[PDB]
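Chemist: Can you keep this structure in mind? I'll have questions shortly.
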Number of protein chains: 8
Amino acid sequence: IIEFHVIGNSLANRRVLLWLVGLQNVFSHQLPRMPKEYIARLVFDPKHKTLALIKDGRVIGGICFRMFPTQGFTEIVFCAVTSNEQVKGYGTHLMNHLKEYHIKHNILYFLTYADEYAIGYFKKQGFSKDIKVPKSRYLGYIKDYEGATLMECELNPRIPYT
Amino acid sequence: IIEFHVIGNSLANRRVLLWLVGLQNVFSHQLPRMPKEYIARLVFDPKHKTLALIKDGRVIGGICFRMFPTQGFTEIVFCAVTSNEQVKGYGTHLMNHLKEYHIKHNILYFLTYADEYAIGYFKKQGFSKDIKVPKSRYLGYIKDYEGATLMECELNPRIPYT
Amino acid sequence: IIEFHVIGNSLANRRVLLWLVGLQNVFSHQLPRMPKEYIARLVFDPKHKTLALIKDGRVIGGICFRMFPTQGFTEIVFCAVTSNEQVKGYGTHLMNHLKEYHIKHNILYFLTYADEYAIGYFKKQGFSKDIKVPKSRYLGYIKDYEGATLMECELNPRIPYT
Amino acid sequence: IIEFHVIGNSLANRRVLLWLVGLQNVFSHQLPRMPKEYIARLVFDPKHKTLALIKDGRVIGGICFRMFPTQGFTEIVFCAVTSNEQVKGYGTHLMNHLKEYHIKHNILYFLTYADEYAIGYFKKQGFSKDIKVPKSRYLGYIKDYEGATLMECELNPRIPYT
Amino acid sequence: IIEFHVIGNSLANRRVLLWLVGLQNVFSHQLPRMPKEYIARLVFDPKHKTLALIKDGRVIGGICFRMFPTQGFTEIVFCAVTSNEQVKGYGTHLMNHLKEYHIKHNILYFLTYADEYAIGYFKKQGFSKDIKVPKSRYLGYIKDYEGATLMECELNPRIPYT
Amino acid sequence: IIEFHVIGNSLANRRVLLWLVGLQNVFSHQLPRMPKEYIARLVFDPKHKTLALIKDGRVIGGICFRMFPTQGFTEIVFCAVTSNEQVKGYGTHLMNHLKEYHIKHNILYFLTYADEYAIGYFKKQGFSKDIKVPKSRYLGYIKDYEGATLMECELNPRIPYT
Amino acid sequence: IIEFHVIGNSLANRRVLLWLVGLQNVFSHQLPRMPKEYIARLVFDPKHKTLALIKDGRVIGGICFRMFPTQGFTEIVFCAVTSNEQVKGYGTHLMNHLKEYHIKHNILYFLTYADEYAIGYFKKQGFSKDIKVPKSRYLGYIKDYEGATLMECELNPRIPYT
Amino acid sequence: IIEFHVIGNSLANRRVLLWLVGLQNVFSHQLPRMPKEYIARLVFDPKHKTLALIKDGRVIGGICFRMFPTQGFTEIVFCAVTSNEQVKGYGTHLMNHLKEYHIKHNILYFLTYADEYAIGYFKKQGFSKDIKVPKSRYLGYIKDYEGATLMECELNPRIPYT
Ligand SMILES: C[C@@H](O)C(=O)SCCNC(=O)CCNC(=O)[C@H](O)C(C)(C)COP(=O)(O)OP(=O)(O)OC[C@H]1O[C@@H](n2cnc3c(N)ncnc32)[C@H](O)[C@@H]1OP(=O)(O)O
Ligand SMILES: C[C@@H](O)C(=O)SCCNC(=O)CCNC(=O)[C@H](O)C(C)(C)COP(=O)(O)OP(=O)(O)OC[C@H]1O[C@@H](n2cnc3c(N)ncnc32)[C@H](O)[C@@H]1OP(=O)(O)O
Ligand SMILES: C[C@@H](O)C(=O)SCCNC(=O)CCNC(=O)[C@H](O)C(C)(C)COP(=O)(O)OP(=O)(O)OC[C@H]1O[C@@H](n2cnc3c(N)ncnc32)[C@H](O)[C@@H]1OP(=O)(O)O
Ligand SMILES: C[C@@H](O)C(=O)SCCNC(=O)CCNC(=O)[C@H](O)C(C)(C)COP(=O)(O)OP(=O)(O)OC[C@H]1O[C@@H](n2cnc3c(N)ncnc32)[C@H](O)[C@@H]1OP(=O)(O)O
Ligand SMILES: C[C@@H](O)C(=O)SCCNC(=O)CCNC(=O)[C@H](O)C(C)(C)COP(=O)(O)OP(=O)(O)OC[C@H]1O[C@@H](n2cnc3c(N)ncnc32)[C@H](O)[C@@H]1OP(=O)(O)O
Ligand SMILES: C[C@@H](O)C(=O)SCCNC(=O)CCNC(=O)[C@H](O)C(C)(C)COP(=O)(O)OP(=O)(O)OC[C@H]1O[C@@H](n2cnc3c(N)ncnc32)[C@H](O)[C@@H]1OP(=O)(O)O
Ligand SMILES: C[C@@H](O)C(=O)SCCNC(=O)CCNC(=O)[C@H](O)C(C)(C)COP(=O)(O)OP(=O)(O)OC[C@H]1O[C@@H](n2cnc3c(N)ncnc32)[C@H](O)[C@@H]1OP(=O)(O)O
Ligand SMILES: C[C@@H](O)C(=O)SCCNC(=O)CCNC(=O)[C@H](O)C(C)(C)COP(=O)(O)OP(=O)(O)OC[C@H]1O[C@@H](n2cnc3c(N)ncnc32)[C@H](O)[C@@H]1OP(=O)(O)O
């Protein structure tokens, strides 16, 4: 019933392609201040990936992220769970799966910009406002959001998350 | 800078992909009573095409259609122009380009179902409630919408439309 | 553990082969007035497919059908669930999965010939004795059964069935 | 030694060639009011086939027919058994083999035009003057013979014929 | 018209496929205490062959067997003739054709496990309860049937059986 | 999420590799009187296979076995379930899956040597101290353990095990 | 009449080659203190690109830039519009197009050295003397100009520039 | 009798594969607080290498390390010598060989995290708690261990170590 797939636009077949459109749709509905062409541009950007959450063949949530292996971290671009399936643990399950996928790729730091509506969920996911990654390593790589709060999560590679 | 392109999923691909994502977004917003997943599935269906209206590199309108050359007609699936570009003649220019395209393919009949709000636009584009195409030729081919009005446009192949 | 597989003799696989034999066995036991070699011929006909119901690796039911995309409908040939798995919702889930599969293929009409003993099951699956598909479109394509009654089900492509 | 072969010109070829010459000769002699050139043109037509009755390596009878699978029927073009082999059941065995062949191809309707002398043979083979196939389905496909009688045979796919 | 074909699932053919299904049907009807899926698995096992008895194109009997050339014997798995063709010498002709086939392959011993109901048929086909093949050569190769009795037939390679 | 995979070194490979490393670790911990190097050499031996019990992507149990198809039996080399997953039926489900796998390969005899602590588990899985396979067939093929008890399981190919 | 092309010397055909010579000519005339062999070396350097401004097929302006994706910024090398076409908005249109091209490549920082004659135009283009890119990230990558003023423009990827 | 091989999982043959399993075994026994799946994941990670110490064909020690040539250093992941072969100089010989291998690859800095039980051996190997590699160069690349002590060894490329 529940699935997890790290998908993305390569160079993709139709089932993954419609999953990406669903992801772009959910991100738009759940993040109205983000321009939909901006969401669509990043979701289909080849350097971006999306951990998709599938229920009975249908997208119900996902995390869009940008891996920076040469810089040693991943940027969290979009997080969303559809309106009626929220407050059920799916958001935590998504982040946990993202953490397990990243320790398997030996990337141990997440960076993200959270506004006031979002900061609480990231704190529950283990993110902090104390940033260990040096500014010279993320500035110009992650996209800055003025007025938002930069937040960082450090992963433990000896711990299982799923 | 105004452009018209007949595009669609098959089997510039990345720019066609984002165009198809932009068309699915414009269609979904302008046709809110249509399911978004239904729109996406048809927009990316291999047997469906979309005439995209591109302005300065961005999607601002389109007509999704499904050609039935073995039956002698084309089904008009979705028509939409983004709100800020409406009442400028783009919907008329879109339909005229679609007519010229189908005359080149010896397809001279458009079929569609218009609800109470859209009937007036199709009337202004030459559509009629009198259907010359026999029911045995379109039933089970076009998608029926109960309580909507079946409309037909017959194209003149000797007339220029653009 | 229950799965749904649209299988059929191509040109195949041993796991698919033994499922087809199991389907031929179940159909024949549940339809004793059908000739076994007639069931075998259709189940193994390359133009026929069967949606197999697999519980714990073994066949327990299925629906054999013939798609007529150029005609706009699909003919339902055999429906059966093994006797010890009947009256559990398996026949209904089979029909619903078949409806979803045909929506993705833009075939929106089912036609079938029901016994006096099976006509009740088809009425519950939404079938009606009112046939919208013209006779000139199904006669000579679906297999006629003198004495039985033609039944038709129209599918809504904007609705999810599974 | 009795043999039945479905043969025909395309795109043992030399023995099939002489069989086709023998069939054209038998057809011409048994159907004297048919033009010989007309018989030869259809016997060697790529879209036409002939079920040849071979006895000890020699043609003694045949049924030339044209399959219309897109229309759901087959046109019976010529039927003949050489004089010395008539009234032995070969004409009945020929038609029965043709029926079994068409059931394997999901073609369950024969159409033909019988003059006053041939109607009786087709009646004994199950043909009828009542035509279930709609006129819109056969007009302009089968060759019409004015003042002859259109006859139809419906085949039962559950019955063995050989 | 009666023929003998040593067939079996290779790696096949549709005519061979439907014969195998017919054999699976006949074996199962004539051996009701055998699980159908067990019969199906062995009939379609690539190490198993079946000598099919074909009367007028359709299966009416057969013998399924497993050759063990490195062990020096063949195991007889299933023997059946359809009920309306029994008591006609068909089962005896099947056994004789099987014996001839194995002489050409230099396998001179048959082993089998006979019911109290079938043991009489095997005695008539020359089988004996005296087993010359050592236990160390058949145990773990032939399928044991607790309660049944092992029976053995030795073939003379200088004798014609058909 | 429970999975069963038959894996093994030869000639997903990296995930099979880590599975084989996980199996060697589980085997070594659960069988401390076995040399770790001996376990690793057999787990990675080309002629040895392992049925791996995967739970949520991680090895939690397995049966290492060596098939002797030319001799008619399989040697059970190592059986283990990790401590935290014991007494849940996994050892029984592992053996049942191994039995179903071997019936598909016409191997109907398991052989193993059980010490005083493991005899009871094999008894509950149908093994017996009475050995039907002749000594001439297994001596020098299975690895002997002096002062351990040779045990044999005979599988019924007509019974379902999963 | 007006065009925009991001061109450059690869490893270029003749129309682009003459565009590059025109660009080198305009940069020389508009930047007399820059050695012409230095301008020519950079314009034809493969790691450099030039956004060319074409009027009726003729180069009238351009920006030569060096992308440093691994460093997260682009260096602005040469900017010029021909003498008679200046003070018409072309310089702003060029920079805006450069910004749109760079947000599409996820590079969000421009760096440049402006002398006293040039600082005012860059201030109107959104450049600032407050430099957010760390010195350790641009020193040795961009070419230093003593006495000139380092200037930086940060791009917003959610804003359209053309 | 004594050997040294820099081995690792590529994309490895069986002798190297069993050496890697032995290395994973020794690291587990000698570092019990390190999860064995974590040790196995890193030892078989393609970006990791292990300098293996072989005595008479058997693994008796090794250093697992991660080269970061783009960062200018190597991370020391696991060091171990089997229990009975310790305090014999093998640990120093291993590190010396690692140093010689790294000056040949022009990497002149080692970084590692040592707990209280390990700090003394690294001090004897020339490691120091004064860290010359800037934090911006190793943070997020080497795996941090809270409570452990970061330690650094600088190599001299003009000195022979073996
Ligand atoms: C800014 C941008 O550029 C980025 O970087 S990405 C954009 C991020 N923008 C959004 O995503 C907005 C739309 N939102 C959603 O789509 C979903 O809302 C979530 C956020 C995906 C949660 O997914 P979800 O609802 O499945 O979460 P789940 O069920 O795991 O529970 C969550 C546990 O966090 C607690 N909590 C505290 N504060 C919040 C909060 N603000 N939102 C949600 N939960 C919160 C809650 O109270 C429970 O904690 P508990 O009840 O256990 O104490
Ligand atoms: C399957 C089936 O469901 C479909 O296929 S979904 C198609 C229906 N999709 C929508 O409903 C989406 C929301 N809508 C729009 O996206 C745009 O509205 C349009 C419809 C694309 C017009 O495009 P547009 O605004 O560019 O039109 P354009 O400027 O060419 O002028 C058009 C001339 O028709 C006059 N007119 C009269 N009645 C209507 C009417 N109901 N709607 C629009 N115009 C109308 C108008 O007043 C002017 O009249 P004129 O000035 O010529 O006398
Ligand atoms: C057209 C022709 O060539 C074919 O293709 S052969 C089709 C007919 N194939 C057979 O004859 C084979 C033998 N049979 C079976 O293999 C099974 O019988 C089912 C039905 C095929 C499997 O379905 P199943 O047993 O899993 O049923 P499921 O539980 O899903 O639905 C149960 C709900 O159907 C209601 N109902 C009403 N009338 C009937 C009826 N006549 N038979 C069964 N249920 C009926 C019942 O009153 C309940 O209604 P509810 O409980 O909802 O109130
Ligand atoms: C496009 C359209 O123009 C055509 O497609 S051209 C087809 C017409 N081509 C000819 O006309 C050629 C000359 N003819 C022949 O080549 C042979 O004559 C036949 C027609 C091939 C019979 O073959 P055949 O002689 O082997 O027949 P067979 O032995 O199977 O028996 C048949 C049973 O039908 C009885 N019967 C009743 N009325 C007739 C009749 N008019 N003709 C033949 N039999 C007839 C017969 O008395 C026996 O009756 P039963 O004994 O069963 O009661
Ligand atoms: C080992 C096991 O895993 C297997 O592989 S399953 C083998 C057993 N499969 C069945 O049970 C299926 C159901 N059965 C059949 O499908 C058919 O029954 C036959 C026999 C398989 C076909 O053979 P058939 O019927 O064509 O017989 P045919 O006419 O050739 O020989 C007839 C001569 O057998 C004499 N006779 C003595 N005892 C028996 C006996 N028990 N049954 C039949 N005949 C017997 C009879 O008295 C006459 O003797 P005669 O007339 O010579 O004096
Ligand atoms: C070459 C030769 O050396 C080998 O091949 S090495 C194989 C021996 N490898 C070990 O020794 C490793 C340590 N052990 C384990 O890794 C697990 O222990 C098991 C053995 C994998 C059971 O797996 P498991 O714990 O999942 O078993 P599962 O839950 O299926 O139940 C099993 C039912 O057998 C009952 N039972 C009675 N006696 C024993 C016994 N001695 N051991 C286990 N169960 C036993 C139990 O009480 C329950 O009885 P029930 O509840 O059915 O009445
Ligand atoms: C240093 C080097 O290593 C680099 O890094 S690259 C080398 C840069 N060296 C040159 O390029 C010298 C030659 N120059 C030209 O080739 C053209 O002159 C431009 C600069 C390409 C403008 O192109 P253009 O003339 O098309 O500009 P446009 O029409 O967009 O107007 C421009 C708006 O900036 C206002 N403005 C303020 N100060 C200046 C200024 N110094 N120059 C031009 N405009 C200026 C103006 O007053 C209007 O502002 P407004 O009037 O609206 O307030
Ligand atoms: C933390 C982790 O994430 C890492 O980063 S890796 C994990 C490191 N964790 C271990 O490896 C624990 C298990 N351990 C071993 O597997 C072996 O124990 C060694 C460490 C490989 C030595 O190998 P080895 O025994 O062959 O050493 P060798 O014979 O060269 O002598 C060594 C010379 O260091 C002196 N010494 C002082 N303190 C220590 C100490 N703590 N351990 C060993 N020697 C020490 C000793 O007294 C003699 O010095 P001397 O006697 O000459 O003054």
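In the structure tokens, each chain is lettered A, B, ... as it comes, each chain's residues begin at 1, and ligands are numbered from 1 in order of appearance.
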Identify all residues of chain B in strand (DSSP E or B) (DSSP on the backbone) and supply them as a PyMOL selection string.
Modeler: chain B and resi 2-7+49-55+58-68+73-81+109-114+128+149-154
Chemist: Enumerate as number ranges by chain the residues within 10 Å of ligand 3, counting only C-alpha atoms and all ligand atoms.
Modeler: C: 26-32, 34, 60-65, 75-96, 111-125, 143, 145, 148-151
Chemist: Record the distance separating atom 15 (C, counted along the ligand's line) of ligand 1 and atom CA of residue A:10, expressed in Å with one decimal.
Modeler: 26.5 Å
Chemist: Determine, counting only C-alpha atoms, which protein, DNA and RNA residues have an atom within 6 Å of an atom of stretch 39-47 of chain D; residues of the same chain fewer than 3 positions away are not included. Present the result as a PDB file with N, CA, C and O atoms, in the first residue's frame.
Modeler:
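Result file follows (part29.pdb):
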ATOM      1  N   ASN D   9      -1.318 -16.743 -53.430  1.00  0.00           N
ATOM      2  CA  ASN D   9      -0.192 -15.917 -53.838  1.00  0.00           C
ATOM      3  C   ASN D   9       0.143 -14.909 -52.744  1.00  0.00           C
ATOM      4  O   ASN D   9      -0.716 -14.504 -51.957  1.00  0.00           O
ATOM      5  N   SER D  10       1.412 -14.506 -52.694  1.00  0.00           N
ATOM      6  CA  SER D  10       1.903 -13.666 -51.610  1.00  0.00           C
ATOM      7  C   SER D  10       2.832 -12.592 -52.161  1.00  0.00           C
ATOM      8  O   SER D  10       3.277 -12.650 -53.311  1.00  0.00           O
ATOM      9  N   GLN D  24      -7.688 -22.630 -60.326  1.00  0.00           N
ATOM     10  CA  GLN D  24      -8.268 -21.728 -61.317  1.00  0.00           C
ATOM     11  C   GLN D  24      -8.924 -22.497 -62.454  1.00  0.00           C
ATOM     12  O   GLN D  24      -9.946 -22.054 -62.993  1.00  0.00           O
ATOM     13  N   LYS D  36     -12.966 -16.392 -66.967  1.00  0.00           N
ATOM     14  CA  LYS D  36     -11.761 -17.104 -66.546  1.00  0.00           C
ATOM     15  C   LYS D  36     -10.703 -16.142 -66.021  1.00  0.00           C
ATOM     16  O   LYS D  36     -10.016 -16.436 -65.036  1.00  0.00           O
TER      17      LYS D  36
END
Chemist: Could you pull the residues within 8 Å of residue E:72, counting only C-alpha atoms, minus those fewer than 6 positions along the same chain, as a ChimeraX atom specification?
Modeler: /E:107-109
Chemist: Taking only C-alpha atoms into account, find every residue of chain F that has an atom no more than 12 Å from chain C, and write it out as a VMD selection string.
Modeler: chain F and resid 1 to 2 100 104 160 to 162
Chemist: So which bits of stretch 47-150 of chain G end up alpha helix (DSSP H) when you DSSP the backbone, as a PyMOL selection string?
Modeler: chain G and resi 90-104+119-124+135-138
Chemist: Keeping N, CA, C and O atoms, export the residues of the selection given above as a compact mmCIF listing (two decimals), in the first residue's frame.
Modeler:
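Writing done, so here's out_23.txt:
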# COMPACT_ATOMS: atom_id res chain seq x y z
N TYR G 90 19.52 48.53 -24.39
CA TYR G 90 20.11 47.27 -24.82
C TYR G 90 21.03 46.69 -23.74
O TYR G 90 21.07 45.47 -23.55
N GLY G 91 21.77 47.55 -23.04
CA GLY G 91 22.63 47.07 -21.98
C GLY G 91 21.86 46.41 -20.85
O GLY G 91 22.30 45.40 -20.29
N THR G 92 20.70 46.96 -20.50
CA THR G 92 19.87 46.36 -19.47
C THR G 92 19.23 45.07 -19.97
O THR G 92 19.17 44.08 -19.23
N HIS G 93 18.77 45.06 -21.22
CA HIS G 93 18.19 43.85 -21.79
C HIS G 93 19.21 42.72 -21.82
O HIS G 93 18.87 41.56 -21.55
N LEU G 94 20.47 43.04 -22.15
CA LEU G 94 21.51 42.02 -22.17
C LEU G 94 21.71 41.41 -20.78
O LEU G 94 21.70 40.19 -20.63
N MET G 95 21.88 42.26 -19.76
CA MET G 95 22.10 41.74 -18.42
C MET G 95 20.90 40.94 -17.93
O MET G 95 21.07 39.88 -17.31
N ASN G 96 19.68 41.41 -18.22
CA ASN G 96 18.49 40.67 -17.82
C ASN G 96 18.45 39.29 -18.44
O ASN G 96 18.13 38.30 -17.76
N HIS G 97 18.78 39.19 -19.73
CA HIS G 97 18.83 37.89 -20.39
C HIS G 97 19.92 37.01 -19.79
O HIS G 97 19.73 35.80 -19.63
N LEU G 98 21.07 37.61 -19.45
CA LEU G 98 22.12 36.86 -18.78
C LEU G 98 21.65 36.32 -17.43
O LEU G 98 21.98 35.19 -17.05
N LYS G 99 20.88 37.12 -16.70
CA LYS G 99 20.35 36.68 -15.42
C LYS G 99 19.39 35.51 -15.59
O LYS G 99 19.46 34.52 -14.85
N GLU G 100 18.48 35.61 -16.57
CA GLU G 100 17.53 34.52 -16.81
C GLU G 100 18.25 33.24 -17.22
O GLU G 100 17.87 32.15 -16.79
N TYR G 101 19.28 33.36 -18.05
CA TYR G 101 20.05 32.19 -18.45
C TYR G 101 20.75 31.55 -17.27
O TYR G 101 20.90 30.32 -17.22
N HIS G 102 21.18 32.35 -16.29
CA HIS G 102 21.97 31.81 -15.19
C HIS G 102 21.10 31.19 -14.10
O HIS G 102 21.51 30.19 -13.50
N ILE G 103 19.92 31.74 -13.83
CA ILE G 103 19.03 31.07 -12.89
C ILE G 103 18.56 29.74 -13.46
O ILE G 103 18.30 28.79 -12.72
N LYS G 104 18.47 29.64 -14.79
CA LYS G 104 18.16 28.35 -15.41
C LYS G 104 19.30 27.35 -15.27
O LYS G 104 19.06 26.15 -15.34
N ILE G 119 31.13 51.78 -13.06
CA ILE G 119 30.47 51.39 -11.81
C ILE G 119 29.00 51.77 -11.81
O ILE G 119 28.17 51.04 -11.25
N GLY G 120 28.64 52.88 -12.46
CA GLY G 120 27.26 53.35 -12.40
C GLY G 120 26.29 52.42 -13.09
O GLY G 120 25.17 52.20 -12.60
N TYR G 121 26.68 51.87 -14.24
CA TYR G 121 25.80 50.96 -14.97
C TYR G 121 25.54 49.68 -14.18
O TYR G 121 24.42 49.17 -14.16
N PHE G 122 26.57 49.16 -13.51
CA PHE G 122 26.39 47.93 -12.74
C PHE G 122 25.51 48.17 -11.52
O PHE G 122 24.73 47.29 -11.14
N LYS G 123 25.61 49.35 -10.90
CA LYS G 123 24.70 49.69 -9.81
C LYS G 123 23.26 49.71 -10.29
O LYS G 123 22.35 49.27 -9.57
N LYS G 124 23.02 50.20 -11.51
CA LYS G 124 21.67 50.16 -12.07
C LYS G 124 21.24 48.74 -12.41
O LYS G 124 20.04 48.45 -12.42
N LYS G 135 36.08 35.49 -0.03
CA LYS G 135 37.31 35.70 -0.79
C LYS G 135 37.97 34.37 -1.16
O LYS G 135 38.46 34.21 -2.28
N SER G 136 37.96 33.41 -0.23
CA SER G 136 38.54 32.10 -0.52
C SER G 136 37.85 31.39 -1.68
O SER G 136 38.37 30.38 -2.15
N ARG G 137 36.71 31.90 -2.15
CA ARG G 137 35.99 31.24 -3.23
C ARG G 137 36.19 31.90 -4.58
O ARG G 137 36.02 31.22 -5.61
N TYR G 138 36.55 33.18 -4.63
CA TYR G 138 36.77 33.84 -5.92
C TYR G 138 38.21 34.22 -6.19
O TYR G 138 38.58 34.36 -7.36
Chemist: So how many Å separate atom CA of residue E:5 and atom CA of residue E:51, to one decimal?
Modeler: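 Atom-to-atom, atom CA of residue E:5 and atom CA of residue E:51 are spaced 5.5 Å apart.
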